[PDB]
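To start, the structure itself, in structure tokens.
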Ligand SMILES: Nc1ncnc2c1ncn2[C@@H]1O[C@H](CSCC[C@H](N)C(=O)O)[C@@H](O)[C@H]1O
Ligand SMILES: Nc1ncnc2c1ncn2[C@@H]1O[C@H](CSCC[C@H](N)C(=O)O)[C@@H](O)[C@H]1O
Ligand SMILES: [Mg+2]
Ligand SMILES: [Mg+2]
């Protein structure tokens, strides 16, 4: 976990690039967490954001403006849960983390399109969300197209016609997103983006996500077709709607939108997304690995397959991962891509 | 249901009182439904609001501005459900043409940044106390409501405890709202009220909570399963104001202008498809009580112990079904406020 202290730095830097209102009485400040969820991660970065902005204001001898935080995700996000975590609003002029000193709002809808009125947001934040395709590309779901991913469940495996269908899908999504964002930022505002990426030149090698969805996860899918309970043209009809861009893929769309300035762009290693308390323990490797896959896209498996038929798959992965626990602690690395954008 | 067409009129009128931005490119418009729920009622009035404002803009030959709708309620509200109902956003009835956001927190205090809201709407929510008054939950106070479950029955020290609690809540609410409306903005309020001068006679809410509902509470203590000091510790946190009670707090806050104030009869809150049917009168009656405060009963009593109470009311209501179709009337109070 000693890389979050390093990542909070990149965020600090983008936060510096934001044009603060000079006036003695600056108008309310708006911050948005895009692709929030229902966890505490969302509330903590919002906390961090308004905290730093306030500290800037104090550095110029100004009272911090009023703050609104928007928590944006798909209508299927568990806002109910999110809303119960939100700390209560500060009282009168016994005070002193813990409490909240900003207004809140949860925003339902896809961020691959407009979510807010024009020019009303100061700071957009997004983390580990932009790698989720708006949909499976139509062409890979068409049995007669060359992009139809027969026998893989994901694009790590192979198929140029399949891999380039995903990338196009990514770049359209991210284009729509950027256009939406540009219309919504204030003149002097900025954007912090972090999604997972890859270093591979070829979309067929999906780095981290490749080893997360393309090893034990499709092998379990292959063990439920080497059984009964699941058909062959069934696993072929299931496609994880996820693409991990390279710098090139990301950067292209940016200077093509041309609304945002690139203040900073970085690909690095923030590998190993498994909380493992006993490293040498072969079985903990299993359930950890499995538990990621579940939280990521377990809802999709059950919308395409049985709910108990999924518990046998997610039961085979966590059997696979322990078997091959050696090649996992060593080979499961995630590459990150961060973008620090400013408008104008 | 042929009184909603008449009530949509009062809303239309308030909507006319709002100062629309003159400019060719007016900034975003903000509308808030306070005390929204998860049903369709919320999404239709929002729809109505933005539809009227747009039509006004067109009447002056202006493109309507962008719209945001805020749906406010307590963090216990089923926002998940509410957000599934929301219609998708317009592409390049049915359809939606405004941005949405759901807002968790009590409206008896601040919910938004100063001067950012054009129109506040609230319907059938202001009559819910922010809490049972501390004094009526104190065994040693004279306001302790011994043997009633509600204030309809009796008790001046009990009834005046509620009223104070109402006025304090409504005060705090108004203060919050005043700091959040735009200079040229307006507020539409409707909750239930009474005509009675004496807080002891809670009109509609009196007959909803103070007849069969506490009688069933009296049949679960004339049994076992529930103690006597147990029904005395349970108190429906609801107050129906009179025009006095309401209007007082308004001109005491002094931020809003009263363009209109009305008490009227929008009685009978029971969907009954066979009127002469004695049993339909029961379950209708009972189902109201349930949707209203059934969560409170189970937080104070057993979940199956509540299904036997809400099972006695619906047995009581059918019994005197005659005195219910005729005596179950709700008085409403509406307030059309503008700022300045
Ligand atoms: N099109 C879209 N619009 C809004 N949210 C989306 C989205 N596509 C994916 N997401 C959301 O992005 C999230 C990815 S998981 C990210 C969790 C959080 N940002 C964190 O850093 O811990 C999910 O909650 C998912 O619902
Ligand atoms: N202090 C408070 N803050 C926010 N919402 C409140 C509240 N007290 C009560 N409410 C909400 O007000 C609602 C009363 S029922 C109102 C239904 C809706 N307004 C309609 O017209 O049909 C409930 O959903 C309740 O959660
Ligand atoms: Mg497939
Ligand atoms: Mg009592």
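One is the number of the first residue shown, and numbering goes on along the chain from there.
Heads up, header says this was done by X-ray crystallography, 2.8 Å.
Note: Cβ is positioned from N, Cα and C throughout, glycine not excepted.
Swiss-Prot has this to say about the protein:
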BINDING   B:145, B:149, B:231, B:232, B:234, B:235  Mg(2+) binding site
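Non-local contacts of residue B:232 (Mg(2+) binding site) by the CB criterion (under 8 A, 6+ apart in sequence, same chain) comprise B:144, B:145, B:146, B:147, B:148. Each residue in B:146, B:147, B:148, B:150, B:214, B:217, B:233 lies on the same chain as B:145, B:149, B:231, B:232, B:234, B:235 and has a C-beta within 8 Å of the C-beta centroid of that Mg(2+) site, without being one of the site residues. Cβ-based crowding with a 10 Å cutoff singles out B:145 as the top-ranked of the binding-site residues B:145, B:231, B:234, B:235. Mapped onto three states, the DSSP output places residue B:231 (Mg(2+) binding site) in helix.
Its Cβ taken as reference, residue B:149 (Mg(2+) binding site) is surrounded by 22 other Cβ atoms within 10 Å in the chains shown.
Gap of 9 unmodelled residues flanked by residue B:92 and residue B:93; Cα separation 18 Å.
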